[PDB]
Enquirer: 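Okay, here's the structure, questions in a sec.
Values below: every heavy atom of this structure, side chains too, minus hydrogens, waters and symmetry copies. By convention here, the first residue in the shown sequence is residue 1. Whatever order the structure lists ligands and atoms in, that order sets their numbers, starting from 1.
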Amino acid sequence: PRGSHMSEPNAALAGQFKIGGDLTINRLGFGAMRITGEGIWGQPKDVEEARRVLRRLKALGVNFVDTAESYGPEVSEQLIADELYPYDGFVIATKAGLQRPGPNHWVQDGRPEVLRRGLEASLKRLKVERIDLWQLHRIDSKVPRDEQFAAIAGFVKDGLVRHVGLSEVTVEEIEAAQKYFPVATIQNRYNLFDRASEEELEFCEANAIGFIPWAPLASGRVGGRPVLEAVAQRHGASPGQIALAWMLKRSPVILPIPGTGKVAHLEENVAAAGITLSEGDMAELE
Ligand SMILES: NC(=O)c1ccc[n+]([C@@H]2O[C@H](COP(=O)([O-])OP(=O)(O)OC[C@H]3O[C@@H](n4cnc5c(N)ncnc54)[C@H](OP(=O)(O)O)[C@@H]3O)[C@@H](O)[C@H]2O)c1
């Protein structure tokens, strides 16, 4: 990309969102799933480049990092601890609820004792007393919902979790969770090409809940679409940057976490916060 947003990217240009009304982030965050090996498994191939991605965040204004016990597993949290501890000026969000038998292989396990073991492992790896934003990675359909929600309420009471998020949930599931704890954020798949969670987004906006879109660059597959390309060309931008600028303008509660393991791509992603789309642009994209 050649546009002026490339010159000094700054995630604070996306605005500040106060998670739960008290924990401030710049909305354009960083997804830390990709600083792992193929299959979200083990160390990344170029570990030193992954370390440089983390080191680059502060100067680009990125202060919101999303990871998970299951990213690696362990590897993503460990690299975050290596490079970002003691996290001055950072909010690290993490998750438990998925097990990892191998590359590309995921298993839901929401048993309360397993959720607690995952949370305790994250605390120890990240070297903190309390997780700022802890997310139920999935509601495990094999375990009664209320037992998982009750375990998480215990995490909050025990002071181990500050704010609670959900992931890939419906409005009905949010309202059920709300009987046990405030839902500070949800993290649902959402991007310009996949708006199945539109109703949940509107619910989050109506209730001041942060909406974290995962796969905000549709897993990097932003190519081949003439209208997106035309909006990008007009801004001296890439299609991926317009995809991010689109969701930033779509709703004031959206908190994109584009994932990358390369410094050049991190810079391009943060630079999307400096783009100003018109309402002509939004009309064309939708
Ligand atoms: N809660 C859930 O169920 C869930 C599920 C999936 C993801 N997530 C979280 O959401 C975050 C983002 O989602 P995602 O990583 O799966 O997909 P994504 O951010 O939409 O796209 C990531 C892909 O795009 C590439 N990429 C990123 N920036 C690029 C750029 N400027 N130019 C070219 N390629 C670029 C990346 O490869 P390179 O490394 O080569 O740049 C990567 O392969 C994840 O990291 C994770 O934190 C959550």
Enquirer: Considering only residues two or more places apart or on different chains, which pairs with a residue in residues 18-36 satisfy side chain to side chain donor-acceptor pair (under 3.5 Å)?
Expert: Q16-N26, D22-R162, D22-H163

Enquirer: Does NZ belonging to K157 count more than 12 external heavy atoms closer than 6.0 Å?
Expert: no

Enquirer: As a test of reading the model: which residues have a non-hydrogen atom less than 4.0 Å away from ligand 1?
Expert: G31, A32, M33, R34, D66, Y71, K95, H137, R138, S167, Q187, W214, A215, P216, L217, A218, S219, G220, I257, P258, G259, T260, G261, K262, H265, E268, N269

Enquirer: What orientation do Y190 and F211 show, parallel under 30°, tilted 30 to 60°, or perpendicular over 60°?
Expert: perpendicular

Enquirer: Could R221 and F193 be counted as a cation-pi pair, given that NZ or CZ must be under 6.0 Å from the ring centre and within 45° of the axis?
Expert: no

Enquirer: Does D66 form a salt bridge (charged side-chain N to carboxylate O under 4.0 Å, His left out) with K95? I'd like the steps, not just the answer.
Expert: CA-CA 9 Å; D66 179 71; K95 316 178 187 76; 2.6 Å; yes

Enquirer: Can we say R195 and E200 salt-bridge, meaning some charged N sits less than 4.0 Å from an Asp/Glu carboxylate O?
Expert: no

